[PDB]
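Peer 1: Got a structure for you, questions after.
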Amino acid sequence: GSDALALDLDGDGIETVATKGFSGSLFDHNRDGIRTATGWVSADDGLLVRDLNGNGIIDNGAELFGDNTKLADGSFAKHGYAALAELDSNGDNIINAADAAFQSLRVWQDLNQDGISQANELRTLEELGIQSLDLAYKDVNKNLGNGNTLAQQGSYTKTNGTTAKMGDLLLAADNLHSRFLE
Ligand SMILES: [Ca+2]
Ligand SMILES: [Ca+2]
Ligand SMILES: [Ca+2]
Ligand SMILES: [Ca+2]
Ligand SMILES: [Ca+2]
């Protein structure tokens, strides 16, 4: 679908726009591809991702964090942020540099908004200067404009000692195309 998890990377809130990058050709009810976006995360911010095949290649709808990812028994999550709680190794309730999954997590920033993730568009948490993520959030259910939404918001720490927002989003999309494709 179009449900997502994102980080505020430059420290002024998670922000979204209408799509214009790839939108000069739109997918249709028989042409296979990715579900047609009308809005997306603006390039100062990034999506939280993981290759579930461990080679650092994002291609499937579970590889985005969001309500279409699964928990450690194979169940879908009720809220995509809570799927991060399976990844804490020691039970301190932070995702930090001592957890194995900290190296497996990545962040995606797409400048062309084509819905495919390519290798230059990805960041590891250490290359992104992240030190920890909090497994704690509040429900905010806030509009972001252009049909986009922020459901829930938590927090993260940078290696430079700055702290910033992270959260669960709904991104704007074509409703019929989002039923022809997942
Ligand atoms: Ca921002
Ligand atoms: Ca994959
Ligand atoms: Ca959600
Ligand atoms: Ca931990
Ligand atoms: Ca791309």
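Residues in the sequence shown are numbered consecutively from -2, following PDB author numbering.
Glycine included, every Cβ here is placed at the ideal spot set by N, Cα and C.
1) By Cβ distance, which residues of its chain are closer than 8 Å to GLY10, with the 5 residues on each side in sequence left out?
2) Mind pulling the beta strand (DSSP E) runs of 3 or more residues that sit fully within the stretch 122 to 172?
3) Mind pulling the beta strand (DSSP E) runs of 3 or more residues that sit fully within the stretch 83 to 129?
4) Confirm the yes/no value for this check: CB of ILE127, any heavy atom of ligand 4, distance under 7 Å.
5) Going by DSSP in three states, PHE177 sits in which element: helix, strand or coil?
6) Are three or more beta carbon pairs between the stretch 96 to 107 and the stretch 42 to 55 nearer than 8 Å?
7) Under 8 Å between the Cβ atoms of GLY144 and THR16?
8) Measuring from the CB of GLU179, is there a heavy atom of ligand 7 at a distance below 7 Å?
9) Who's in the neighbourhood of ligand 4, going by beta-carbon under 7 Å from any heavy atom, listed in chain order?
10) What residue range does the beta strand (DSSP E) around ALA3 cover?
11) Which ranges would you report for the beta strand (DSSP E) in the stretch 10 to 59 if only whole runs of at least 3 residues count?
12) Beta carbon of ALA148: closer than 7 Å to some heavy atom of ligand 3?
13) Excluding sequence positions up to five away, which residues of its chain have a Cβ less than 7 Å from the Cβ of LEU108?
14) Consider the C-beta atom of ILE31 and the heavy atoms of ligand 5; say whether any pair is separated by less than 7 Å.
15) For the 8 Å Cβ check, are there 3 or more pairs between the stretch 154 to 168 and the stretch 118 to 132?
16) Since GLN149 and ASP165 should fall inside the 8 Å C-beta cutoff, what is the C-beta to C-beta distance between them, to a whole number of angstroms?
17) For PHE62, count neighbouring C-beta atoms within 10 Å of its own C-beta (all shown protein chains included) and say buried if the count is 16 or more, exposed if not.
Peer 2: Well, looking at it:
1) Taken in chain order, the residues that qualify are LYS162.
2) Those beta strand (DSSP E) runs which fall completely within the stretch 122 to 172 and span 3+ residues are 127 to 142, 145 to 155 and 160 to 167.
3) Runs of the beta strand (DSSP E) lying entirely within the stretch 83 to 129 and spanning at least 3 residues, in chain order: 91 to 93, 103 to 105 and 119 to 121.
4) Outside the cutoff, so no.
5) Here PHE177 sits in helix by DSSP.
6) With three or more CB-CB distances shorter than 8 Å, the stretch 96 to 107 counts as touching the stretch 42 to 55.
7) No, they are not a contact pair.
8) For the structure depicted, ligand 7 is absent and the ligand set comprises only ligand 1, ligand 2, ligand 3, ligand 4 and ligand 5.
9) Those residues that have a beta carbon less than 7 Å away from any non-hydrogen atom of ligand 4 are, in order along the chain, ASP85, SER86, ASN87, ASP89, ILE91, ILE92, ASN93, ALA95 and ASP96.
10) Element bounds for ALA3: 0 to 4.
11) Listed in chain order, the complete beta strand (DSSP E) runs (minimum 3 residues) inside the stretch 10 to 59 are 13 to 15, 36 to 38 and 43 to 46.
12) In this structure, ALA148 has its CB closer than 7 Å to one or more heavy atoms of ligand 3.
13) Counting only Cβ-Cβ distances below 7 Å, and skipping sequence neighbours, we find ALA40.
14) Every heavy atom of ligand 5 is 7 Å or more from the Cβ of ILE31, so no.
15) Segments in contact, yes.
16) Distance from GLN149 to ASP165 at the Cβ level is roughly 4 Å; contact confirmed, criterion being Cβ atoms closer than 8 Å.
17) A residue is called buried once 16 or more other Cβ atoms fall within 10 Å of its Cβ, and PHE62 is buried on that count.
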